[PDB]
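Participant: Just work_24.txt, nothing more (compact mmCIF, N, CA, C and O atoms):
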```txt
# COMPACT_ATOMS: atom_id res chain seq x y z
N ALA A 1 -3.75 28.23 6.94
CA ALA A 1 -2.74 28.08 7.97
C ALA A 1 -3.39 27.50 9.23
O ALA A 1 -3.02 26.42 9.68
N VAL A 2 -4.35 28.24 9.76
CA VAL A 2 -5.21 27.71 10.80
C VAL A 2 -6.62 28.31 10.65
O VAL A 2 -7.13 28.94 11.57
N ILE A 3 -7.19 28.08 9.47
CA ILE A 3 -8.43 28.74 9.11
C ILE A 3 -9.56 27.71 9.07
O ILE A 3 -9.38 26.60 8.56
N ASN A 4 -10.71 28.11 9.60
CA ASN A 4 -11.79 27.17 9.84
C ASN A 4 -13.11 27.93 9.95
O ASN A 4 -13.92 27.64 10.83
N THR A 5 -13.28 28.89 9.06
CA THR A 5 -14.56 29.57 8.92
C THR A 5 -15.13 29.36 7.52
O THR A 5 -14.42 28.92 6.62
N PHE A 6 -16.41 29.68 7.39
CA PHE A 6 -17.10 29.48 6.13
C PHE A 6 -16.45 30.30 5.01
O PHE A 6 -16.16 29.78 3.94
N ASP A 7 -16.24 31.57 5.30
CA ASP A 7 -15.63 32.47 4.34
C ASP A 7 -14.15 32.12 4.18
O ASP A 7 -13.61 32.18 3.07
N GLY A 8 -13.54 31.76 5.29
CA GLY A 8 -12.09 31.62 5.34
C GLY A 8 -11.62 30.42 4.51
O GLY A 8 -10.70 30.54 3.71
N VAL A 9 -12.28 29.30 4.73
CA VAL A 9 -11.93 28.07 4.04
C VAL A 9 -12.31 28.20 2.56
O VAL A 9 -11.57 27.76 1.68
N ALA A 10 -13.47 28.79 2.34
CA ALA A 10 -13.96 28.99 0.98
C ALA A 10 -12.95 29.84 0.20
O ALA A 10 -12.73 29.61 -0.99
N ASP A 11 -12.37 30.80 0.90
CA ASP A 11 -11.39 31.68 0.29
C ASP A 11 -10.18 30.86 -0.15
O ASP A 11 -9.72 30.98 -1.28
N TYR A 12 -9.70 30.04 0.77
CA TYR A 12 -8.50 29.25 0.52
C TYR A 12 -8.70 28.33 -0.69
O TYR A 12 -7.79 28.18 -1.51
N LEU A 13 -9.89 27.75 -0.77
CA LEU A 13 -10.24 26.92 -1.91
C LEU A 13 -10.09 27.73 -3.20
O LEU A 13 -9.33 27.36 -4.09
N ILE A 14 -10.84 28.83 -3.25
CA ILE A 14 -10.89 29.64 -4.45
C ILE A 14 -9.46 30.03 -4.86
O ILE A 14 -9.11 29.98 -6.03
N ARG A 15 -8.69 30.42 -3.86
CA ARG A 15 -7.42 31.08 -4.11
C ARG A 15 -6.36 30.06 -4.54
O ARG A 15 -5.85 30.12 -5.65
N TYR A 16 -6.07 29.14 -3.63
CA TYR A 16 -4.94 28.25 -3.80
C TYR A 16 -5.36 26.97 -4.53
O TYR A 16 -4.51 26.19 -4.95
N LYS A 17 -6.66 26.79 -4.64
CA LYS A 17 -7.21 25.59 -5.26
C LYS A 17 -6.90 24.38 -4.37
O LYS A 17 -6.58 23.31 -4.87
N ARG A 18 -7.02 24.60 -3.07
CA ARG A 18 -6.98 23.50 -2.12
C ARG A 18 -7.53 23.95 -0.76
O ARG A 18 -7.75 25.14 -0.54
N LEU A 19 -7.75 22.98 0.11
CA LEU A 19 -8.02 23.27 1.50
C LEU A 19 -6.78 23.90 2.14
O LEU A 19 -5.70 23.91 1.54
N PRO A 20 -6.97 24.42 3.38
CA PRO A 20 -5.85 24.69 4.27
C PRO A 20 -5.31 23.39 4.86
O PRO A 20 -5.98 22.36 4.83
N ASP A 21 -4.10 23.48 5.40
CA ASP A 21 -3.34 22.29 5.75
C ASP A 21 -3.66 21.89 7.19
O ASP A 21 -3.10 20.92 7.71
N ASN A 22 -4.56 22.65 7.80
CA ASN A 22 -4.94 22.39 9.18
C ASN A 22 -6.02 21.30 9.21
O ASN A 22 -6.30 20.74 10.26
N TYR A 23 -6.58 21.03 8.04
CA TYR A 23 -7.56 19.97 7.91
C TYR A 23 -6.90 18.67 7.44
O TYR A 23 -6.50 18.55 6.28
N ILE A 24 -6.79 17.73 8.37
CA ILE A 24 -6.39 16.38 8.03
C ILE A 24 -7.64 15.55 7.73
O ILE A 24 -8.76 16.01 7.93
N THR A 25 -7.41 14.34 7.24
CA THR A 25 -8.50 13.44 6.91
C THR A 25 -8.85 12.56 8.11
O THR A 25 -8.13 12.54 9.10
N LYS A 26 -9.96 11.85 7.97
CA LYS A 26 -10.39 10.93 9.01
C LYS A 26 -9.28 9.91 9.27
O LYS A 26 -8.98 9.60 10.42
N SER A 27 -8.71 9.41 8.19
CA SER A 27 -7.73 8.34 8.28
C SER A 27 -6.55 8.79 9.14
O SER A 27 -5.98 7.99 9.89
N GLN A 28 -6.21 10.06 9.01
CA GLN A 28 -5.03 10.60 9.68
C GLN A 28 -5.31 10.77 11.18
O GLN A 28 -4.48 10.40 12.01
N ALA A 29 -6.47 11.34 11.47
CA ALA A 29 -6.92 11.45 12.85
C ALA A 29 -6.89 10.06 13.50
O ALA A 29 -6.42 9.92 14.63
N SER A 30 -7.39 9.08 12.77
CA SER A 30 -7.52 7.74 13.30
C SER A 30 -6.14 7.17 13.61
O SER A 30 -5.96 6.49 14.63
N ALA A 31 -5.20 7.46 12.73
CA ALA A 31 -3.83 7.02 12.92
C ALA A 31 -3.25 7.66 14.19
O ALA A 31 -2.50 7.03 14.92
N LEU A 32 -3.64 8.91 14.40
CA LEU A 32 -3.16 9.66 15.55
C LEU A 32 -3.87 9.16 16.81
O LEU A 32 -3.47 9.48 17.93
N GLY A 33 -4.92 8.37 16.59
CA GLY A 33 -5.49 7.57 17.65
C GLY A 33 -6.91 8.03 17.98
O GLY A 33 -7.53 7.52 18.92
N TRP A 34 -7.39 8.98 17.20
CA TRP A 34 -8.75 9.47 17.36
C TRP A 34 -9.71 8.30 17.16
O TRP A 34 -9.47 7.44 16.32
N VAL A 35 -10.77 8.30 17.95
CA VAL A 35 -11.87 7.38 17.72
C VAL A 35 -13.19 8.16 17.72
O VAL A 35 -13.42 9.01 18.58
N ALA A 36 -14.03 7.84 16.75
CA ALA A 36 -15.23 8.63 16.50
C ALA A 36 -16.22 8.40 17.65
O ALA A 36 -16.90 9.33 18.08
N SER A 37 -16.26 7.16 18.12
CA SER A 37 -17.12 6.82 19.24
C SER A 37 -16.72 7.62 20.48
O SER A 37 -17.57 8.00 21.28
N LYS A 38 -15.42 7.85 20.59
CA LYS A 38 -14.90 8.61 21.71
C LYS A 38 -15.13 10.10 21.46
O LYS A 38 -15.89 10.47 20.56
N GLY A 39 -14.48 10.92 22.27
CA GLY A 39 -14.85 12.32 22.39
C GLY A 39 -14.29 13.13 21.23
O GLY A 39 -14.15 12.63 20.12
N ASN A 40 -13.98 14.39 21.52
CA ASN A 40 -13.75 15.37 20.47
C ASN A 40 -12.37 15.15 19.87
O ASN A 40 -11.55 14.42 20.43
N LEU A 41 -12.15 15.78 18.72
CA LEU A 41 -10.94 15.54 17.96
C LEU A 41 -9.73 16.09 18.73
O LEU A 41 -8.79 15.36 19.01
N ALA A 42 -9.81 17.37 19.04
CA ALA A 42 -8.64 18.11 19.48
C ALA A 42 -7.96 17.35 20.63
O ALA A 42 -6.75 17.43 20.80
N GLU A 43 -8.78 16.62 21.37
CA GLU A 43 -8.28 15.88 22.52
C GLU A 43 -7.11 14.99 22.12
O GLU A 43 -6.06 15.01 22.76
N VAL A 44 -7.32 14.23 21.05
CA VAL A 44 -6.37 13.21 20.66
C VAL A 44 -5.44 13.78 19.58
O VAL A 44 -4.24 13.49 19.58
N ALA A 45 -6.03 14.57 18.70
CA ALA A 45 -5.26 15.20 17.63
C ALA A 45 -5.55 16.70 17.62
O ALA A 45 -6.43 17.17 16.90
N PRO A 46 -4.77 17.44 18.46
CA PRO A 46 -4.99 18.87 18.61
C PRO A 46 -4.47 19.64 17.40
O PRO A 46 -3.54 19.20 16.73
N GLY A 47 -5.10 20.77 17.14
CA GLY A 47 -4.64 21.67 16.09
C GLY A 47 -5.19 21.24 14.73
O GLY A 47 -4.76 21.75 13.70
N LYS A 48 -6.12 20.30 14.77
CA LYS A 48 -6.56 19.63 13.56
C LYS A 48 -8.09 19.68 13.49
O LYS A 48 -8.76 19.66 14.51
N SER A 49 -8.59 19.73 12.26
CA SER A 49 -9.96 19.34 12.00
C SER A 49 -10.01 18.28 10.89
O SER A 49 -8.98 17.96 10.30
N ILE A 50 -11.21 17.78 10.65
CA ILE A 50 -11.44 16.93 9.49
C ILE A 50 -11.72 17.82 8.27
O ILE A 50 -12.47 18.78 8.36
N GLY A 51 -11.10 17.45 7.16
CA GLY A 51 -11.54 17.94 5.86
C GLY A 51 -10.78 17.24 4.73
O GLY A 51 -9.73 16.64 4.96
N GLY A 52 -11.33 17.36 3.53
CA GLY A 52 -10.74 16.70 2.37
C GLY A 52 -11.30 15.29 2.20
O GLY A 52 -10.80 14.52 1.38
N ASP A 53 -12.33 14.99 2.99
CA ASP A 53 -12.97 13.69 2.92
C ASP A 53 -14.20 13.79 2.01
O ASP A 53 -14.75 14.87 1.82
N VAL A 54 -14.60 12.64 1.48
CA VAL A 54 -15.47 12.61 0.32
C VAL A 54 -16.91 12.84 0.76
O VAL A 54 -17.32 12.38 1.83
N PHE A 55 -17.65 13.54 -0.08
CA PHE A 55 -19.06 13.79 0.19
C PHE A 55 -19.95 12.96 -0.74
O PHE A 55 -21.05 12.57 -0.37
N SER A 56 -19.43 12.72 -1.94
CA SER A 56 -20.07 11.80 -2.86
C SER A 56 -21.23 12.49 -3.58
O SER A 56 -21.18 12.68 -4.80
N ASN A 57 -22.23 12.86 -2.81
CA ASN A 57 -23.48 13.34 -3.38
C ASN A 57 -24.13 12.21 -4.18
O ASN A 57 -23.54 11.69 -5.12
N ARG A 58 -25.35 11.87 -3.78
CA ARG A 58 -26.17 10.97 -4.58
C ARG A 58 -27.12 11.77 -5.46
O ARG A 58 -28.24 11.33 -5.75
N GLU A 59 -26.65 12.94 -5.88
CA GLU A 59 -27.36 13.72 -6.89
C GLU A 59 -28.78 14.04 -6.41
O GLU A 59 -29.73 13.37 -6.80
N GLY A 60 -28.87 15.06 -5.57
CA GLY A 60 -30.15 15.46 -5.02
C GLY A 60 -30.09 16.89 -4.47
O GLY A 60 -30.73 17.79 -4.99
N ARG A 61 -29.30 17.04 -3.41
CA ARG A 61 -29.28 18.29 -2.67
C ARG A 61 -28.34 19.29 -3.34
O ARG A 61 -28.63 20.49 -3.37
N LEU A 62 -27.25 18.77 -3.86
CA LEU A 62 -26.37 19.56 -4.72
C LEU A 62 -26.47 19.05 -6.15
O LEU A 62 -26.79 17.88 -6.38
N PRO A 63 -26.19 19.97 -7.11
CA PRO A 63 -26.36 19.66 -8.52
C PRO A 63 -25.24 18.74 -9.02
O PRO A 63 -24.14 18.73 -8.45
N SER A 64 -25.54 18.00 -10.07
CA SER A 64 -24.58 17.06 -10.63
C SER A 64 -24.98 16.69 -12.06
O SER A 64 -26.14 16.39 -12.32
N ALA A 65 -24.00 16.72 -12.94
CA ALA A 65 -24.22 16.35 -14.33
C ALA A 65 -22.91 15.84 -14.93
O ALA A 65 -21.84 16.35 -14.61
N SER A 66 -23.04 14.84 -15.79
CA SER A 66 -21.88 14.19 -16.37
C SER A 66 -21.23 13.26 -15.34
O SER A 66 -21.10 12.06 -15.58
N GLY A 67 -20.85 13.84 -14.21
CA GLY A 67 -20.31 13.07 -13.11
C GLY A 67 -19.53 13.97 -12.14
O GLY A 67 -18.36 13.72 -11.87
N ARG A 68 -20.22 14.99 -11.65
CA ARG A 68 -19.58 15.97 -10.80
C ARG A 68 -19.34 15.39 -9.40
O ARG A 68 -20.27 14.87 -8.78
N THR A 69 -18.10 15.49 -8.96
CA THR A 69 -17.71 14.91 -7.68
C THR A 69 -17.58 16.00 -6.62
O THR A 69 -17.38 17.17 -6.94
N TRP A 70 -17.69 15.58 -5.37
CA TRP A 70 -17.88 16.52 -4.28
C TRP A 70 -16.99 16.08 -3.11
O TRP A 70 -16.78 14.89 -2.90
N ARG A 71 -16.48 17.07 -2.39
CA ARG A 71 -15.76 16.81 -1.16
C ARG A 71 -16.22 17.78 -0.06
O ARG A 71 -16.59 18.92 -0.35
N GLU A 72 -16.18 17.29 1.17
CA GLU A 72 -16.67 18.06 2.30
C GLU A 72 -15.51 18.45 3.22
O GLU A 72 -14.42 17.89 3.12
N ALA A 73 -15.79 19.40 4.10
CA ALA A 73 -14.82 19.80 5.10
C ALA A 73 -15.54 20.47 6.27
O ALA A 73 -16.60 21.07 6.09
N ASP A 74 -14.95 20.34 7.45
CA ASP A 74 -15.58 20.83 8.66
C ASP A 74 -15.50 22.36 8.70
O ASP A 74 -14.58 22.95 8.13
N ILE A 75 -16.47 22.96 9.36
CA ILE A 75 -16.37 24.35 9.75
C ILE A 75 -16.57 24.47 11.27
O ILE A 75 -17.54 23.96 11.81
N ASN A 76 -15.63 25.16 11.90
CA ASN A 76 -15.72 25.39 13.34
C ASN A 76 -15.92 24.05 14.05
O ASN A 76 -17.05 23.67 14.35
N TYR A 77 -14.81 23.38 14.31
CA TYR A 77 -14.83 22.20 15.15
C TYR A 77 -13.46 21.97 15.81
O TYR A 77 -12.57 21.37 15.20
N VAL A 78 -13.34 22.46 17.03
CA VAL A 78 -12.18 22.14 17.85
C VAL A 78 -12.60 21.18 18.97
O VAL A 78 -12.03 20.11 19.12
N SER A 79 -13.60 21.61 19.72
CA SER A 79 -14.04 20.86 20.89
C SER A 79 -15.56 20.92 21.01
O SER A 79 -16.19 21.85 20.50
N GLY A 80 -16.11 19.92 21.69
CA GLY A 80 -17.56 19.76 21.75
C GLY A 80 -17.99 18.45 21.09
O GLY A 80 -17.27 17.46 21.14
N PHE A 81 -19.17 18.49 20.48
CA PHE A 81 -19.64 17.37 19.69
C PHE A 81 -19.06 17.41 18.28
O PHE A 81 -18.43 18.40 17.89
N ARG A 82 -19.28 16.33 17.55
CA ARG A 82 -18.66 16.17 16.24
C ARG A 82 -19.13 17.27 15.29
O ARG A 82 -20.19 17.86 15.50
N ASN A 83 -18.32 17.51 14.27
CA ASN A 83 -18.61 18.58 13.32
C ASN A 83 -20.01 18.37 12.74
O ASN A 83 -20.45 17.23 12.56
N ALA A 84 -20.67 19.48 12.46
CA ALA A 84 -22.01 19.44 11.90
C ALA A 84 -22.20 20.63 10.95
O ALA A 84 -22.64 20.46 9.82
N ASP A 85 -21.85 21.80 11.46
CA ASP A 85 -21.58 22.94 10.59
C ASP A 85 -20.43 22.59 9.64
O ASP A 85 -19.34 22.24 10.08
N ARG A 86 -20.72 22.69 8.35
CA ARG A 86 -19.89 22.06 7.34
C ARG A 86 -19.93 22.85 6.04
O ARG A 86 -20.81 23.69 5.85
N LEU A 87 -18.96 22.57 5.18
CA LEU A 87 -18.89 23.23 3.89
C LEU A 87 -18.47 22.21 2.82
O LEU A 87 -17.51 21.47 3.02
N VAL A 88 -19.21 22.22 1.72
CA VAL A 88 -19.01 21.23 0.68
C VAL A 88 -18.75 21.94 -0.65
O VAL A 88 -19.49 22.84 -1.02
N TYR A 89 -17.70 21.50 -1.33
CA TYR A 89 -17.33 22.10 -2.60
C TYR A 89 -17.11 21.02 -3.66
O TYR A 89 -16.70 19.90 -3.35
N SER A 90 -17.38 21.40 -4.90
CA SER A 90 -17.31 20.45 -6.01
C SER A 90 -15.90 20.46 -6.60
O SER A 90 -15.07 21.29 -6.25
N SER A 91 -15.67 19.51 -7.50
CA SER A 91 -14.39 19.42 -8.19
C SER A 91 -14.11 20.73 -8.94
O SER A 91 -12.98 21.22 -8.93
N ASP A 92 -15.16 21.26 -9.56
CA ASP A 92 -15.02 22.44 -10.39
C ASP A 92 -15.34 23.68 -9.55
O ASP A 92 -15.52 24.77 -10.09
N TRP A 93 -15.40 23.47 -8.24
CA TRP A 93 -15.31 24.58 -7.31
C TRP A 93 -16.60 25.39 -7.40
O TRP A 93 -16.57 26.59 -7.67
N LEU A 94 -17.71 24.70 -7.17
CA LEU A 94 -18.94 25.37 -6.77
C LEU A 94 -19.23 25.06 -5.30
O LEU A 94 -19.34 23.90 -4.92
N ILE A 95 -19.35 26.12 -4.52
CA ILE A 95 -19.20 26.01 -3.08
C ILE A 95 -20.56 26.24 -2.41
O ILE A 95 -21.28 27.17 -2.77
N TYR A 96 -20.87 25.37 -1.46
CA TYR A 96 -22.08 25.53 -0.67
C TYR A 96 -21.80 25.27 0.81
O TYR A 96 -21.03 24.37 1.16
N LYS A 97 -22.44 26.07 1.65
CA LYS A 97 -22.25 25.97 3.09
C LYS A 97 -23.50 25.36 3.72
O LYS A 97 -24.56 25.31 3.09
N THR A 98 -23.34 24.91 4.96
CA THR A 98 -24.48 24.45 5.74
C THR A 98 -24.19 24.60 7.24
O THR A 98 -23.04 24.53 7.66
N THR A 99 -25.26 24.81 7.99
CA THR A 99 -25.17 24.75 9.44
C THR A 99 -26.02 23.60 9.98
O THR A 99 -26.03 23.33 11.18
N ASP A 100 -26.72 22.94 9.06
CA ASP A 100 -27.82 22.07 9.44
C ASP A 100 -27.49 20.63 9.07
O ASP A 100 -28.35 19.76 9.11
N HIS A 101 -26.23 20.42 8.72
CA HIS A 101 -25.76 19.09 8.37
C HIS A 101 -26.60 18.53 7.22
O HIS A 101 -27.40 17.62 7.42
N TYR A 102 -26.40 19.11 6.05
CA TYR A 102 -26.89 18.51 4.82
C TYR A 102 -28.40 18.28 4.89
O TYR A 102 -28.89 17.22 4.50
N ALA A 103 -29.10 19.29 5.39
CA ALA A 103 -30.52 19.40 5.16
C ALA A 103 -30.78 20.41 4.04
O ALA A 103 -31.42 20.09 3.05
N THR A 104 -30.26 21.61 4.25
CA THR A 104 -30.36 22.66 3.24
C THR A 104 -29.00 23.34 3.04
O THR A 104 -28.26 23.55 4.00
N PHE A 105 -28.71 23.66 1.79
CA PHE A 105 -27.46 24.31 1.45
C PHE A 105 -27.70 25.75 0.99
O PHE A 105 -28.82 26.12 0.64
N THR A 106 -26.63 26.53 1.02
CA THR A 106 -26.64 27.84 0.40
C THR A 106 -25.30 28.11 -0.29
O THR A 106 -24.24 27.91 0.30
N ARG A 107 -25.39 28.57 -1.53
CA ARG A 107 -24.21 28.83 -2.33
C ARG A 107 -23.46 30.05 -1.78
O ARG A 107 -24.07 31.03 -1.36
N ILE A 108 -22.13 29.94 -1.79
CA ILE A 108 -21.29 31.06 -1.41
C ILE A 108 -20.40 31.45 -2.59
O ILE A 108 -20.16 32.63 -2.82
N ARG A 109 -19.93 30.43 -3.29
CA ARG A 109 -19.37 30.64 -4.62
C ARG A 109 -18.74 32.03 -4.72
O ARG A 109 -19.21 32.80 -5.58
```
Would you mind giving the structure from this file in structure tokens?

Facilitator:
Amino acid sequence: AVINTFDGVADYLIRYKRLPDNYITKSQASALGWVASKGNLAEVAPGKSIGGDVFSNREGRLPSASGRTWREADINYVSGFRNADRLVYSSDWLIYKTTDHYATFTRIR
């Protein structure tokens, strides 16, 4: 509904098999007039964070076999600098969190 914590978003994933609806995509923010070069999101598109955008994984930091796909979503980002604390989950719903922007992950699963 308006959830944006590590446990909270992870819960929503596990439960409903989707993100919460408070996370729009980059494209949507951009349509609303957000610019990445410019300041924080909420300014231009309030009540919103980024999520549901692709993480890809080049098969290194998170596991991948056959062709496991990955998507990322913001954690705790209303105002300030751009999201960095983040959470990434796989298609088959193996979940990992980070505070360090994709240096090191930890499973929450």

Participant: Just checking: using only N, CA, C and O atoms, which residue out of A:70, A:99, A:23, A:56 ends up closest to residue 84 of chain A?

Facilitator: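 Under the stated criterion, the closest residue is A:99.
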
Participant: Let me know the centre plus edge lengths, in Å and rounded to one decimal, of a box with edges along x, y and z that contains all listed atoms of segment 100-108 of chain A and is padded by 6 Å on every side, as AutoDock Vina command-line options.

Facilitator:
```
--center_x -25.8 --center_y 24.9 --center_z 3.3 --size_x 23.3 --size_y 27.4 --size_z 24.3
```

Participant: How many Å separate atom C of residue 80 of chain A from atom O of residue 45 of chain A?

Facilitator: 12.4 Å

Participant: Could you check which of A:88, A:78, A:36, A:31 is closest to residue 48 of chain A, using all atoms listed in the file?

Facilitator: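 Smallest separation from residue 48 of chain A among the options: A:78.
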
Participant: Can you work out which one of A:98, A:5, A:57, A:83 has the shortest atom-to-atom distance to residue 71 of chain A, counting only N, CA, C and O atoms?

Facilitator: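 Going through A:98, A:5, A:57, A:83 one by one, the smallest distance to residue 71 of chain A is for A:57.
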
Participant: Let me make sure I understand: among A:19, A:95, A:75, A:29, which one has the smallest atom-to-atom distance to residue 4 of chain A if we use all atoms listed in the file?

Facilitator: A:75

Participant: Return as a PyMOL selection string the full set of residues in chain A whose backbone-based DSSP assignment is helix (DSSP H, G or I).

Facilitator: chain A and resi 6-16+26-32+41-44

Participant: Using only C-alpha atoms, find the one residue out of A:79, A:1, A:49, A:62 that sits nearest to residue 27 of chain A.

Facilitator: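 Comparing A:79, A:1, A:49, A:62 against residue 27 of chain A, the winner is A:49.
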
Participant: Can you list, as a PyMOL selection string, every protein, DNA or RNA residue that comes within 6 Å of residue 69 of chain A when you count all atoms listed in the file, leaving out same-chain residues fewer than 2 positions away?

Facilitator: chain A and resi 56+67+71+89-92

Participant: What is the distance between atom CA of residue 76 of chain A and atom C of residue 64 of chain A, in Å to one decimal?

Facilitator: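 Interatomic distance, atom CA of residue 76 of chain A to atom C of residue 64 of chain A: 28.4 Å.
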